[PDB]
Structures are given as structure tokens and as C-alpha cells.
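Trainee: Shown below is the structure under consideration.
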Amino acid sequence: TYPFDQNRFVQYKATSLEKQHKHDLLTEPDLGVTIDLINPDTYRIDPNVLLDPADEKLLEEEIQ
Amino acid sequence: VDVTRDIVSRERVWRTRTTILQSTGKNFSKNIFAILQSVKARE
Amino acid sequence: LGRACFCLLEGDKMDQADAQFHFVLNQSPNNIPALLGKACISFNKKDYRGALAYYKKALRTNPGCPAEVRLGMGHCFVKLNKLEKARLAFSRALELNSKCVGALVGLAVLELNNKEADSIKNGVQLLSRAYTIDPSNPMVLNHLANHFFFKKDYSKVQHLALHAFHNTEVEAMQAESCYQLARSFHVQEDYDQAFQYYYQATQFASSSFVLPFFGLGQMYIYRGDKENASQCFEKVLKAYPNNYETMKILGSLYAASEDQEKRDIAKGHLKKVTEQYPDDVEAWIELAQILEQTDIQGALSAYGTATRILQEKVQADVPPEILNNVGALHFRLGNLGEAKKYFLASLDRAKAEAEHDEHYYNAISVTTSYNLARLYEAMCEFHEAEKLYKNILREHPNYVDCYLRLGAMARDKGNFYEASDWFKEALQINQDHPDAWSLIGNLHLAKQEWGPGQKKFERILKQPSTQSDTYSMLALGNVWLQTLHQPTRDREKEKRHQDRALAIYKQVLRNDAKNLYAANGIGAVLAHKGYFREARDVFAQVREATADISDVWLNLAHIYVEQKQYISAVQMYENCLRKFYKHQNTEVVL
């Protein structure tokens, strides 16, 4: 048989298998927002409403 | 001695006695035991 | 709302919370976080479509929200690779409030894809700014931890990975915390603690990702715990196959012999890496290391490029264990001469292992010389075979196989030589040795007048430590069948002998269906029972099983001449004469 090194250690490393993983964001289980109908003391629905171009292109689901 | 365990560990046996007798194909014995019982049906 | 948000705290009554939020829309759908709390429930049920359906209704209205509805927008856009929308959502989150953490860490993970590209902005802008605005955020602590690992800062990773463990309470995050502390102490070789971290990392959240499983499996290489290494690494293949996860199961080869659950997967990994080359060096070694049971030519080819692969990285001579084994391959091939050259250069390379009594090149030379003497026997150079054998026995007399191959050599001369005495002293040095003990009665096969006496000399290692011994019990069947063809069958004596051999053959039948000498025995005894139409069938089976059994050639033609089928029989007789054994075998022409 061949006297193999016991490969108890990583030096390649597994970093190809590591940084390919995109890591979840689960800081707050309701997705990082306090869910409240009382803290909206303000509302943009009054004149005038605000809606940035970035905000319209996020109001679409998939239209590209 | 240390030579004994020293050699018998590092070598390998791929060819023993017993699997010479056993066939490299798959020849089961149900067919064999079926005709074994069939000759007993003549008995 | 109070009872619906009461439900998310405890992880249950979750559809109940969604229903009481939908009770809000049928009583008062007058503001959006009533229905956004539905969408976080939908998100946590992995229904990002049902999340974003209500999430479209957020930004059309946008109630008073410093908490950035766009943050969760981007996190849903993190899901299912809607990244460019995620970037824009986190960007506008930063424009409304740069102080908020979720946008910056979202883009930090978003650019965790490219590390060699845009390293610094990930390290400092995307991470250290999140550390600045919150030094207690276990995300950014975990990510600076794994960066410091890759930046080889192994100190402050253990400063902040503990806090990254304690400050979080969800399993996958503290699984990653334990995993990162485990990879920290693994490269720091504090493997006892890091093993526990790997196990906790697996036990916290398992379905997340498989690096903790890899950590435990390679940790089982420590401390000899490798049984669970295979089991844990199976989920790595259940995760997804890679080049990485071949070599772990290949080197961790519980596949020894006739164990396909580790051996077929070994074949699959070996032809997963053979076409590859992630600096393959030993990949051919553990290729051929299972190929010796299988096709020998595959082992030859593996050794062929394995001989080369030790020369280009450095011009390094091939270790003699390889060269001895390739000569051992050619021994069962026709390449006997270069097998001899392999053994010669093997012994030279072992001599070139001048100082390697750790590896015990001397012992390797001992077994190499054993192989070379066995080769000289194939040359029929029994003189030099004697020389090598007595050289080994004069230096390692504890060895037995050399002690009896010498005996076998004189057995070729005859039985009552020192053949029989080397055989008996092989039992004297090792009475536990079943091979030599079988060979004792094999000598006594010559003396067939010592037929009924062979019960005793084949009972000695019918101790059940040696049992089951198929070879010996078939020898019992054979010495029991040579009793037959006598005029005492009508006296029921050979009928009892036939049924006793039948009982032996049933026993070896049940313990092995795939033995062929057994089935030859059954067919022989029933042919002696006069069932020759019932014999050619059972011999036909072993005939396709292997033609290279000299007995079955005879026994089939006995049936043929029993139908007087001479023109089917004598040809197969001379086919049996096609072996290189004896120019006039007597009983065959009889």
C-alpha cells in the first residue's frame, strides 16, 4: 500500500467552495424591518408624493 | 517479531483461496437447488 | 397585529398570524405594514413571490418608515438572484439613512462573490463601516472573521467570533460562528476544541450548507474517528459533487475488498478525478489501489502515468513499492521479464532508501524478494528461487510463505521430501495458519490409501476460528467422493456416501451459491447416481461461469459418451489437452 499522509488539514483551500457561497441575511426574521402601523406618524401620500426613478424601477417585479 | 506485522500490514492480498472457488460471474444456486429438489421429486 | 406579531416571536401560529393580518385587510386595509407583515411570513415560508406581491404595495404608498421598507425589498431581491434590484434597494436605503446596517451588509455579502476583484471595498467600506456603525452585528463579525482567516489574521477572528457566536441566537449564524472558530483552530491545529465546534456547527443548522460537514469529516481523520467521516461526507455528495469531495472518500478508503458501498463510489470519484488534474499525483495510486481486484490493465495504465508524474515536479525516483507492485501485476500478465526488471530496480530503489527504516525498506525488500523468488519459480529458476528464499529465511525465519513455497518446490519433486517437513514446521511455527494446514492434507491427497484418515488431518483446524473454510470442506467432499465407484453401492454404503457428499454440497451450497467446484461436486455425485441427463445442465452452468476448470471438460464428455456422443466428446478431450500440463495424460485417453 502507499503510505498516505493523513489529510487532517486544509491548505488548497476549500476557498473555491467557500466564496462561491452567497450568505443569507437573517438578522431579523421579519426581514430587518420593525413591522408597525403606529410608527408611521408621517406619510408621503399627502401632497406631495415622492417616488425616485430607482423607486419606480423597484416597483416592478420583472420588467427589466 | 516487528518484521511480521511490519510486512503483513503494508502488503495486500487481492487473490486468496476461497474466491477462486467462488465464480467471477453471478451463478446462483436456486436453479441448482431447484433441480436438486426436482431429482428429489423423482425420489 | 399584536397577536400576529406575537406569533412570529415563537415560530408557530404563523399562518394564524397571516390570517389575522388578512383579517385586517377585510376590516381595514388602510395602511401597508398590516399587509407587509403577511409578506415577511410569506418570505419565511420561502414564498418570495407572495412576499413581493405585498411588497409592491409598500413602495407605492411608503408610510412613515425610517426602518427602510426598501431594505426588505433588497433582501427579497437578494433571493433568486435579483441582485441589481437588491443593490438599488440597499442604495436608496443608504440614501434615506446611511446609518442603517442592513443595506451595507447586504452589499457586503453581494460583493463577497468577488474577493480577488474589489477586495478592499469589501474589507473596509462594505464591512468595517458596518463594524463601525455596529460592532455587535454578528453578520459583520462573521465576515471580518472569515476575512481575517483569509487575511491570515488568526488573532482577532477569535476576539470577535466568540461575540459573533453569543450575540446571535439563530442556529445557522452560530453554526457559522462555530464553523469559523473551528477553521481558526484547525489551521492552528487546536483540533480537539475545533472538532466540537464543527459538530455544533453541523447540529445547529444542517440543511444550510455543507462546510461544517466537511469540517467534521476531515476532523474524523483526527483521532481515528473516520467511520463517521464517510457518513458525514456522503451528505457532501448529497449536497453537490466536486473535485474536492472525491479525494476525501478516496483516501478515506474503507473500501478494502468486496465492499462496493465504499468501492463503487471510489470508482466514481476516481473517474471523477482521472480526467481532471488538480495537480493529480497520487490520484493514479488510489486508482490502481482498487484496480488490483479489477482489471489489471487499468492498474498498469495508472502506474504508467504515475511513473511519469513523479518526474516533472521534481526528477524524483519512483518509490519501490510502486515498482514492486507493477512487477506484481506483470507477473499475472505475460510481461514476466520486465516484471523481473521491475523487481530488480525495486530492490535498488529500496537500497536507494538508505535510511528509511521508518518506512522499512528492508521489509519491503523482503516481500519484494519474495515476489522475485516467486517469479524465478515462474522462470522455473528454482535454483535462484532457493537462494532468495533461504536469504529471507536466514534473516527472517518467522516468515511462513517462503518457508512453504520452498516446501512446494520440493513437493514438485515429491511428497516425503523436506517438502512435507517444511510444511509441518510451518505448522510448528504457526499452527494457526490455515493455508499451510490445508497444504498438510494436500500432501495427503497423494496418498489416497490415506483417504479415511484425512478426517483427522482435516479436522485439526475445524476449530470455528478457522471455520468457515470452504476450501477445506470442499476437500472433505472430494475425499468423500473418491470413495465412490465401488461395488458396495448396492450395499447402501456408497449410497450413504453419495448422500453425505450431497449433504456437504448442500452446506457449501447454502453458505455460497457462487462456488463452482461445489456445483461440479453436486453434478458428479448425481452422475454417479446415474442422472446424466440431469448432469449436463448443472455442468453447463459452471461451463459458462468459467471454462478454465480442467475437471468439467472431462465430466461433460463422460455424459457425451454416455449418450455415445463421441463426436461431441473427444474434441473437448483434446481441448482439455490444450493446457501446458502433460503431453500424455493417462486417464484422459482412457
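Residue numbering restarts at 1 for every chain of the C-alpha cells, chains are lettered A, B, ... in their displayed order, and ligands are numbered from 1 as they appear.
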Compute the set of chain C residues within 6 Å of chain A, using only C-alpha atoms, and express it as a PyMOL selection string.
Mentor: chain C and resi 33+40+56+63-64+67+72+218+221
Trainee: Identify, on the basis of only C-alpha atoms, every residue whose closest approach to residue 27 of chain B does not exceed 12 Å; exclude the query and any residue fewer than 4 positions from it along the same chain; express the result as a tab-separated table (two decimals) with N, CA and C atoms, in the first residue's frame.
Mentor:
chain	number	residue	atom	x	y	z
B	21	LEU	N	-12.70	-20.57	-5.72
B	21	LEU	CA	-13.83	-21.49	-5.76
B	21	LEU	C	-15.10	-20.76	-6.18
B	22	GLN	N	-15.35	-19.60	-5.58
B	22	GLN	CA	-16.43	-18.73	-6.00
B	22	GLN	C	-16.16	-18.23	-7.41
B	23	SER	N	-17.23	-18.13	-8.20
B	23	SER	CA	-17.09	-17.78	-9.60
B	23	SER	C	-17.17	-16.27	-9.80
B	31	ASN	N	-31.56	-22.27	-9.19
B	31	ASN	CA	-31.61	-23.19	-10.32
B	31	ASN	C	-30.97	-24.52	-10.00
B	32	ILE	N	-29.86	-24.49	-9.28
B	32	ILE	CA	-29.18	-25.67	-8.82
B	32	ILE	C	-29.99	-26.37	-7.75
B	33	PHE	N	-30.52	-25.61	-6.79
B	33	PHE	CA	-31.30	-26.25	-5.75
B	33	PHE	C	-32.68	-26.63	-6.26
C	509	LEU	N	-23.46	-25.16	-0.62
C	509	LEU	CA	-24.46	-24.51	-1.45
C	509	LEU	C	-25.10	-23.34	-0.71
C	512	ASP	N	-22.51	-20.66	0.14
C	512	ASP	CA	-22.03	-19.98	-1.06
C	512	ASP	C	-22.81	-20.52	-2.25
C	513	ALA	N	-23.61	-19.65	-2.86
C	513	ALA	CA	-24.27	-20.01	-4.11
C	513	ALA	C	-23.33	-19.95	-5.30
C	514	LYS	N	-22.26	-19.16	-5.22
C	514	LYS	CA	-21.44	-18.86	-6.38
C	514	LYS	C	-20.15	-19.66	-6.44
C	515	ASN	N	-19.93	-20.61	-5.53
C	515	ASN	CA	-18.85	-21.56	-5.70
C	515	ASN	C	-19.17	-22.46	-6.88
C	516	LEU	N	-18.13	-22.83	-7.62
C	516	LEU	CA	-18.33	-23.63	-8.82
C	516	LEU	C	-17.84	-25.06	-8.64
C	517	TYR	N	-16.78	-25.24	-7.85
C	517	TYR	CA	-16.32	-26.58	-7.52
C	517	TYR	C	-17.37	-27.35	-6.75
C	518	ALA	N	-18.16	-26.65	-5.93
C	518	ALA	CA	-19.34	-27.24	-5.32
C	518	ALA	C	-20.24	-27.86	-6.37
C	519	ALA	N	-20.78	-27.02	-7.27
C	519	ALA	CA	-21.71	-27.47	-8.29
C	519	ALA	C	-21.15	-28.58	-9.15
C	538	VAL	N	-26.28	-28.91	-15.07
C	538	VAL	CA	-25.60	-28.30	-13.94
C	538	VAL	C	-24.14	-28.05	-14.27
C	539	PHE	N	-23.53	-28.91	-15.07
C	539	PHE	CA	-22.19	-28.61	-15.57
C	539	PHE	C	-22.17	-27.53	-16.62
C	540	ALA	N	-23.28	-27.32	-17.33
C	540	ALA	CA	-23.34	-26.23	-18.28
C	540	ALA	C	-23.22	-24.89	-17.57
C	541	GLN	N	-23.80	-24.80	-16.36
C	541	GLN	CA	-23.74	-23.56	-15.58
C	541	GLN	C	-22.31	-23.17	-15.25
C	542	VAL	N	-21.54	-24.09	-14.68
C	542	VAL	CA	-20.15	-23.79	-14.40
C	542	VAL	C	-19.36	-23.65	-15.69
C	543	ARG	N	-19.86	-24.25	-16.78
C	543	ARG	CA	-19.21	-24.07	-18.07
C	543	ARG	C	-19.26	-22.61	-18.51
C	544	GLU	N	-20.42	-21.93	-18.39
C	544	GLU	CA	-20.33	-20.52	-18.76
C	544	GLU	C	-19.64	-19.73	-17.66
C	545	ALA	N	-19.71	-20.22	-16.42
C	545	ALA	CA	-19.12	-19.49	-15.30
C	545	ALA	C	-17.62	-19.31	-15.51
C	546	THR	N	-16.93	-20.41	-15.80
C	546	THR	CA	-15.54	-20.35	-16.25
C	546	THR	C	-15.26	-21.65	-16.98
Trainee: Give me the residues within 10 Å of residue 297 of chain C as a ChimeraX atom specification, counting only C-alpha atoms and dropping any in the same chain fewer than 5 places off.
Mentor: /C:288,291-292,302-303,329-330,333
Trainee: Fewer than 6 positions away in the same chain doesn't count, so skip those; otherwise give me all residues within 9 Å of residue 483 of chain C, counting only C-alpha atoms, as a list in words.
Mentor: residues 451, 452, 494 and 497 of chain C
Trainee: Identify every residue of chain B that has at least one atom within 7 Å of any atom of chain A, counting only C-alpha atoms, and report the result as a list in words.
Mentor: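 Listed by rising number, the hits are residues 10, 11 and 12 of chain B.
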Trainee: Take the residues just selected and output them with C-alpha atoms as a short mmCIF file (atom, residue, chain, number, x, y, z; two decimals), in the first residue's frame.
Mentor:
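The resulting again21.cif:
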data_model
loop_
_atom_site.label_atom_id
_atom_site.label_comp_id
_atom_site.auth_asym_id
_atom_site.auth_seq_id
_atom_site.Cartn_x
_atom_site.Cartn_y
_atom_site.Cartn_z
CA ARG B 10 1.81 -3.00 4.30
CA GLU B 11 1.16 -5.68 1.68
CA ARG B 12 -2.23 -6.54 0.23
#
Trainee: Write out as a VMD selection string the residues lying within 12 Å of segment 246-249 of chain C, counting only C-alpha atoms and excluding same-chain residues fewer than 5 positions away.
Mentor: (chain A and resid 4 to 10) or (chain C and resid 214 to 221 226 to 237 240 to 241 254 to 255 261 to 274 276 278 280 to 287)
Trainee: I'd like to know which of C:196, C:206, C:478, C:470 is closest to chain B, using only C-alpha atoms.
Mentor: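 For chain B, the nearest of the given residues is C:470.
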Trainee: As an exercise, work out the distance from atom CA of residue 107 of chain C to atom CA of residue 197 of chain C in Å and give it to one decimal place.
Mentor: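 Atom CA of residue 197 of chain C lies 28.4 Å from atom CA of residue 107 of chain C.
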Trainee: Give the alpha helix (DSSP H) residues of segment 1-63 of chain A, as assigned by DSSP on the backbone, as number ranges by chain.
Mentor: A: 15-19, 53-56
Trainee: Just the selected residues (N, CA, C and O atoms), exported as a PDB file, in the first residue's frame, please.
Mentor:
ATOM      1  N   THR A  15     -11.520  27.239  -0.532  1.00  0.00           N
ATOM      2  CA  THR A  15     -11.962  28.600  -0.813  1.00  0.00           C
ATOM      3  C   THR A  15     -12.715  28.738  -2.130  1.00  0.00           C
ATOM      4  O   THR A  15     -13.526  29.657  -2.267  1.00  0.00           O
ATOM      5  N   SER A  16     -12.465  27.855  -3.098  1.00  0.00           N
ATOM      6  CA  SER A  16     -13.325  27.805  -4.269  1.00  0.00           C
ATOM      7  C   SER A  16     -14.739  27.385  -3.901  1.00  0.00           C
ATOM      8  O   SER A  16     -15.701  27.947  -4.431  1.00  0.00           O
ATOM      9  N   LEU A  17     -14.877  26.428  -2.987  1.00  0.00           N
ATOM     10  CA  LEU A  17     -16.178  26.024  -2.492  1.00  0.00           C
ATOM     11  C   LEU A  17     -16.716  26.990  -1.448  1.00  0.00           C
ATOM     12  O   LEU A  17     -17.907  26.950  -1.128  1.00  0.00           O
ATOM     13  N   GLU A  18     -15.878  27.903  -0.967  1.00  0.00           N
ATOM     14  CA  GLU A  18     -16.271  28.782   0.125  1.00  0.00           C
ATOM     15  C   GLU A  18     -16.845  30.098  -0.369  1.00  0.00           C
ATOM     16  O   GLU A  18     -17.991  30.430  -0.043  1.00  0.00           O
ATOM     17  N   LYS A  19     -16.078  30.860  -1.152  1.00  0.00           N
ATOM     18  CA  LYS A  19     -16.567  32.162  -1.596  1.00  0.00           C
ATOM     19  C   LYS A  19     -17.606  32.039  -2.698  1.00  0.00           C
ATOM     20  O   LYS A  19     -18.243  33.040  -3.051  1.00  0.00           O
ATOM     21  N   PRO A  53     -36.705  57.677  -9.478  1.00  0.00           N
ATOM     22  CA  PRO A  53     -36.534  56.714 -10.582  1.00  0.00           C
ATOM     23  C   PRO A  53     -36.062  55.341 -10.138  1.00  0.00           C
ATOM     24  O   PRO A  53     -36.564  54.327 -10.652  1.00  0.00           O
ATOM     25  N   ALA A  54     -35.150  55.281  -9.163  1.00  0.00           N
ATOM     26  CA  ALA A  54     -34.820  53.998  -8.562  1.00  0.00           C
ATOM     27  C   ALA A  54     -36.032  53.382  -7.885  1.00  0.00           C
ATOM     28  O   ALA A  54     -36.193  52.160  -7.903  1.00  0.00           O
ATOM     29  N   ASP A  55     -36.926  54.203  -7.332  1.00  0.00           N
ATOM     30  CA  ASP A  55     -38.120  53.670  -6.694  1.00  0.00           C
ATOM     31  C   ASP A  55     -39.153  53.156  -7.690  1.00  0.00           C
ATOM     32  O   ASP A  55     -39.868  52.197  -7.374  1.00  0.00           O
ATOM     33  N   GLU A  56     -39.268  53.754  -8.884  1.00  0.00           N
ATOM     34  CA  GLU A  56     -40.136  53.137  -9.886  1.00  0.00           C
ATOM     35  C   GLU A  56     -39.539  51.847 -10.430  1.00  0.00           C
ATOM     36  O   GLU A  56     -40.275  50.880 -10.649  1.00  0.00           O
TER      37      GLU A  56
END
Trainee: Near residue 419 of chain C, within 10 Å and counting only C-alpha atoms, which residues show up once chain neighbours fewer than 3 positions away are dropped, as a list in words?
Mentor: residues 403, 404, 405, 406, 407, 408, 409, 410, 411, 412, 413, 414, 415, 416, 422, 423, 424 and 443 of chain C
Trainee: Please dump the current selection as an mmCIF file, in the first residue's frame; keep N, CA and C atoms.
Mentor:
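As written to disk, out16.cif reads:
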data_model
loop_
_atom_site.group_PDB
_atom_site.id
_atom_site.type_symbol
_atom_site.label_atom_id
_atom_site.label_comp_id
_atom_site.auth_asym_id
_atom_site.auth_seq_id
_atom_site.Cartn_x
_atom_site.Cartn_y
_atom_site.Cartn_z
ATOM 1 N N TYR C 403 8.787 -20.193 3.651
ATOM 2 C CA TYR C 403 9.030 -21.495 4.250
ATOM 3 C C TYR C 403 8.253 -22.613 3.575
ATOM 4 N N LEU C 404 7.142 -22.294 2.919
ATOM 5 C CA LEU C 404 6.345 -23.354 2.310
ATOM 6 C C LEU C 404 6.429 -23.352 0.789
ATOM 7 N N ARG C 405 6.732 -22.213 0.171
ATOM 8 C CA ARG C 405 6.990 -22.235 -1.263
ATOM 9 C C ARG C 405 8.217 -23.062 -1.587
ATOM 10 N N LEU C 406 9.256 -22.953 -0.760
ATOM 11 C CA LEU C 406 10.312 -23.948 -0.727
ATOM 12 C C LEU C 406 9.767 -25.355 -0.574
ATOM 13 N N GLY C 407 8.866 -25.564 0.385
ATOM 14 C CA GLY C 407 8.224 -26.855 0.503
ATOM 15 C C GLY C 407 7.433 -27.232 -0.728
ATOM 16 N N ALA C 408 6.748 -26.265 -1.339
ATOM 17 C CA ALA C 408 6.007 -26.556 -2.564
ATOM 18 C C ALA C 408 6.947 -26.945 -3.695
ATOM 19 N N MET C 409 8.107 -26.298 -3.755
ATOM 20 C CA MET C 409 9.101 -26.612 -4.769
ATOM 21 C C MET C 409 9.574 -28.056 -4.653
ATOM 22 N N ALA C 410 9.843 -28.515 -3.438
ATOM 23 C CA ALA C 410 10.215 -29.909 -3.255
ATOM 24 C C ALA C 410 9.025 -30.847 -3.378
ATOM 25 N N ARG C 411 7.806 -30.349 -3.154
ATOM 26 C CA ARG C 411 6.609 -31.100 -3.499
ATOM 27 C C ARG C 411 6.523 -31.399 -4.979
ATOM 28 N N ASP C 412 6.936 -30.453 -5.819
ATOM 29 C CA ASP C 412 7.052 -30.731 -7.245
ATOM 30 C C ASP C 412 8.020 -31.875 -7.499
ATOM 31 N N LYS C 413 9.064 -31.985 -6.681
ATOM 32 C CA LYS C 413 9.880 -33.190 -6.703
ATOM 33 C C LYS C 413 9.164 -34.361 -6.040
ATOM 34 N N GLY C 414 8.527 -34.141 -4.890
ATOM 35 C CA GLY C 414 7.766 -35.206 -4.257
ATOM 36 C C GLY C 414 7.328 -34.951 -2.829
ATOM 37 N N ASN C 415 6.531 -35.869 -2.279
ATOM 38 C CA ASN C 415 5.839 -35.652 -1.014
ATOM 39 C C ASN C 415 6.729 -35.827 0.216
ATOM 40 N N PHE C 416 7.333 -37.000 0.430
ATOM 41 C CA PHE C 416 8.078 -37.269 1.649
ATOM 42 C C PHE C 416 9.439 -36.603 1.703
ATOM 43 N N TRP C 422 9.171 -28.941 5.953
ATOM 44 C CA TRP C 422 8.858 -27.522 5.868
ATOM 45 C C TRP C 422 7.379 -27.250 6.019
ATOM 46 N N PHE C 423 6.529 -28.070 5.411
ATOM 47 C CA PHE C 423 5.101 -27.893 5.631
ATOM 48 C C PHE C 423 4.706 -28.147 7.077
ATOM 49 N N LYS C 424 5.234 -29.199 7.700
ATOM 50 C CA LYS C 424 4.874 -29.464 9.084
ATOM 51 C C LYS C 424 5.490 -28.467 10.051
ATOM 52 N N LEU C 443 -0.821 -32.568 0.820
ATOM 53 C CA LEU C 443 0.174 -33.627 0.696
ATOM 54 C C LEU C 443 -0.482 -34.994 0.753
#
Trainee: Any idea what's packed within 12 Å of residue 2 of chain B, counting only C-alpha atoms, ignoring anything in its chain fewer than 5 positions away? Could you give it as a list in words?
Mentor: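 Once the adjacent positions are removed, what remains is residues 7, 8 and 9 of chain B; 357, 358, 360, 362, 363, 396, 398 and 399 of chain C.
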Trainee: Find the distance between atom CA of residue 51 of chain C and atom CA of residue 136 of chain C and write it in Å to one decimal.
Mentor: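 If I compute the distance from atom CA of residue 51 of chain C to atom CA of residue 136 of chain C, I get 28.6 Å.
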Trainee: Calculate how many Å separate atom CA of residue 179 of chain C from atom CA of residue 137 of chain C, rounding to one decimal.
Mentor: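 Straight-line distance from atom CA of residue 179 of chain C to atom CA of residue 137 of chain C works out to 17.3 Å.
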